[PDB]
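Chain identifiers are assigned alphabetically (A, B, ...) following the order of the sequence lines, protein sequences preceding nucleic acid strands; residue numbering begins at 1 within each chain.
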Amino acid sequence: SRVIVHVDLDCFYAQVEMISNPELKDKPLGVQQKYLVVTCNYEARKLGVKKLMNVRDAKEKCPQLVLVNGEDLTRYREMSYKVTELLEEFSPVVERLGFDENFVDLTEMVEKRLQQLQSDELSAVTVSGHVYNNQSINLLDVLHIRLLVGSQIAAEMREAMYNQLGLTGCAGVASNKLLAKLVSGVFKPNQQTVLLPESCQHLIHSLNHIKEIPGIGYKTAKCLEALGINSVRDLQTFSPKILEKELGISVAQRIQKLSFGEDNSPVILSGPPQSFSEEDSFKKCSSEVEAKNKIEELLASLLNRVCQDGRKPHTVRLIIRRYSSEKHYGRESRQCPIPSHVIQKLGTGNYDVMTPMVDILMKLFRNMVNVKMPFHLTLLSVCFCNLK
DNA sequence: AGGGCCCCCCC
DNA sequence: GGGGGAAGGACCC
Ligand SMILES: Cc1cn([C@H]2C[C@H](O)[C@@H](COP(=O)(O)OP(=O)(O)OP(=O)(O)O)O2)c(=O)[nH]c1=O
Ligand SMILES: [Mg+2]
C-alpha cells in the first residue's frame, strides 16, 4: 500500500504575477497569452471567467481586470522548480506534471514516522484538512493511520511552500496517483483532502464522464463513446474482451482499471529537465513566412540561458501542426543532431551556432508536407532534447 | 497559446 | 538477431 500526495497550486501564473505586483491581489486578474487568458485569480474566477479566450469577455464584466501578459515563461518556470525542490527536500521521489503539479511518494516517509511514534500516541493521530466524503476515521485501521500521517506531511509541505515561497495550493493524499490527483481538487481554494479506501468508489463515480479520469484524454474519450461508453460505471461494467479487441490488451486493461480507481503507476523522479523547448506566436494568428527570426527568436534566450544549469544539448526538433478539426489535430515535428567542438563551444564564439540552426530548421520545414495545407495554419515549435 | 515518453539505415 | 537517429504522435499542465 502506497501513500501518494498530489500538490496542485492555485491559479499558478496569476499567483506569480500577484506576488510580483501586490496591487493585483485584490482585483480580478487574468494572465494573457496572445488573446487567450490561460488563467486568472479566484478573485475573478467567480465572475464567470473560466480560463476562457477572448480578452474582451472578462474585460467588460470587469473594467479593472488589469490583464498581464504571460508569454515569457521564465519567472513561472523558476518558481515551478523552487516548488519541486522544496518538495524534494521532504522526500526525493517527486514527479512534475506541467509547471504547478507535483506528485510525491510518501510511503517510506510515512512509515519512518509511524515507527518513531509510541504505542500509545498512535491513537492520538489526527487528520490535517478535509476527509473526503466526510468519511469516519478508524484509528485501528493501519491504512487509515498511514493516510492520516500522509495528510500531516501534506500540510507541512503547503505551510513550507507558503512560508518559504509565498505560494498557496491544494494537496490530495491517497493510495495512488490517480486518486491523489482526483481528490486534491475536491476543495480547491488552497485546501487539502485525504481519501480513505472505503470512499474510492464514491470518488470515482462522482465524475460525470470517463474523460474526466486522469489518463483518458480527448482521443480515448471519443473511441469509448462511439463504443457506447459515457459514464464511469459504463467502463467498469463493459466487456473486457471487446475493449481489449479495440484498444489492445495494453490500453484496455489499464484504461479499465482506472475506472475502478486502480492505478499502479510509480511516481517518477523527474529530476532535471530532459529538454528546453520554446515555441512562438506569429504563425498561429498571422505570419510572413519568417525564418531568420523563427530561429533567432525561438532560439533567443534559449541559448544564453542554457549554460546556467551547465548542460549541453545534442538534438534540435521543430514541431508543426495545421488547421484541422475535432480538437488540436496537429503533430508534425523534425529533429536533427548538433555538432560539438566549435558548435558546442564554451567561450565567446556562440553566435556561430545561429547559422547552422537556420539551414536545418529551414530544410526540415520545406520537407513538411509542402503540398497540402502545410503553410500558414498555426504551428511553430522548436526543441532542445538529449542532454548529458 | 508555451512547455515537457512512445520509418530508416547500416551492421 | 541488434543497435542508434530521425519525424512525428499522444497526452498533460
Ligand atoms: C492547462 C494548461 C495549463 N497552463 C499553465 C497555466 C497555469 O498557471 C499553470 C498550471 O495548470 P493548471 O493547474 O490546470 O492551471 P491553474 O493553476 O491556473 O488552475 P487551478 O488554480 O484551478 O489549479 O500552467 C497552460 O499554459 N496551458 C494549459 O493548456
Ligand atoms: Mg494548479
Sugar-phosphate only, base, or nothing, as touched by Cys285(A) at under 4.0 Å among non-hydrogen atoms: sugar-phosphate
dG4(B) to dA10(C) separation - P atoms, rounded to the nearest Å: 22 Å
Nucleotide nearest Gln33(A) when distance is taken to its side chain, options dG8(C), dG3(B), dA1(B): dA1(B)
Cation-aromatic face contact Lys222(A)/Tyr218(A), 6.0 Å, 45 degrees: yes
Between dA1(B) (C1') and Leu73(A) (CG): distance, integer Å: 9 Å
Polar pair under 3.5 Å, donor/acceptor by atom type, side chain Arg317(A), base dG9(C): yes
Sugar-phosphate only, base, or nothing, as touched by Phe276(A) at under 4.0 Å among non-hydrogen atoms: sugar-phosphate
Touch class at under 4.0 angstrom, heavy-atom based, for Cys336(A) against every strand present: sugar-phosphate
Integer angstrom distance from the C1' of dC5(B) to that of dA6(C): 16 Å
Chi angles and distances behind the side chain to side chain donor-acceptor pair (under 3.5 Å) call for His202(A), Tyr132(A): CA-CA 9 Å; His202(A) 188 285; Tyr132(A) 180 77; 3.0 Å; yes
Sugar-phosphate, base or nothing in reach of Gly70(A), heavy atoms under 4.0 Å: nothing
Short side-chain N/O contact from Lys34(A) to OP1 or OP2 of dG2(B), under 4.0 Å: yes
Sugar-phosphate, base or nothing in reach of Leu364(A), heavy atoms under 4.0 Å: sugar-phosphate
Sugar-phosphate only, base, or nothing, as touched by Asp72(A) at under 4.0 Å among non-hydrogen atoms: nothing
Short side-chain N/O contact to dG2(B) OP1/OP2 from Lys284(A), under 4.0 Å: yes
Nearest-neighbour nucleotide for the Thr220(A) side chain, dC11(C), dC12(C), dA6(C) considered: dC11(C)
Basic-acidic side-chain contact under 4.0 Å: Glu225(A), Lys211(A): no
Length of the NZ-P vector between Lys181(A) and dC12(C), whole Å: 9 Å
Any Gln274(A) side-chain nitrogen or oxygen under 4.0 Å from OP1 or OP2 of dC5(B): yes
Length of the CD-P vector between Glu332(A) and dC7(B), whole Å: 15 Å
Proximity to the side chain of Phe99(A) - top-ranked nucleotide from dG2(B), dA6(C), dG3(B): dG3(B)
Rounded distance in Å - CD1 (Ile360(A)) to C1' (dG5(C)): 14 Å
Along DNA chain B (nearest heavy atom to each residue), the more 5'-positioned of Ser270(A) and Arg321(A): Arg321(A)
Sugar-phosphate, base or nothing in reach of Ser277(A), heavy atoms under 4.0 Å: sugar-phosphate
Any donor-acceptor N/O pair under 3.5 Å between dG3(B) base and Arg77(A) side chain: no
Touch class at under 4.0 angstrom, heavy-atom based, for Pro337(A) against every strand present: sugar-phosphate
Within the 6.0 Å centroid threshold, strictly below: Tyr76(A) and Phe99(A): no
From CA spacing to verdict: salt bridge (charged side-chain N to carboxylate O under 4.0 Å, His left out), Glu290(A), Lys283(A): CA-CA 9 Å; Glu290(A) 302 173 60; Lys283(A) 204 170 183 183; over 6 Å; no
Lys363(A) NZ - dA6(C) P separation (whole Å): 11 Å
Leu318(A) CG to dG2(B) P, straight-line distance once rounded to whole Å: 15 Å
Complement of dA6(C), any strand, by Watson-Crick or G-U distances under 3.5 angstrom: none
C1'-based separation of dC12(C) from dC6(B) [nearest Å]: 15 Å
Per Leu36(A) side chain, nearest of listed nucleotides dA7(C), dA1(B), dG2(B): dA1(B)
Between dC7(B) (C1') and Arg334(A) (CZ): distance, integer Å: 12 Å
For atom CG of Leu302(A) and atom P of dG3(B), their distance in whole Å: 9 Å
Pi-cation contact, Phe103(A) with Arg96(A) (under 6.0 Å, within 45°): no
Sugar-phosphate, base or nothing in reach of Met368(A), heavy atoms under 4.0 Å: sugar-phosphate
Spacing of CG belonging to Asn41(A) relative to CG belonging to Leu24(A), to within rounding of 0.5 Å: 8.5 Å
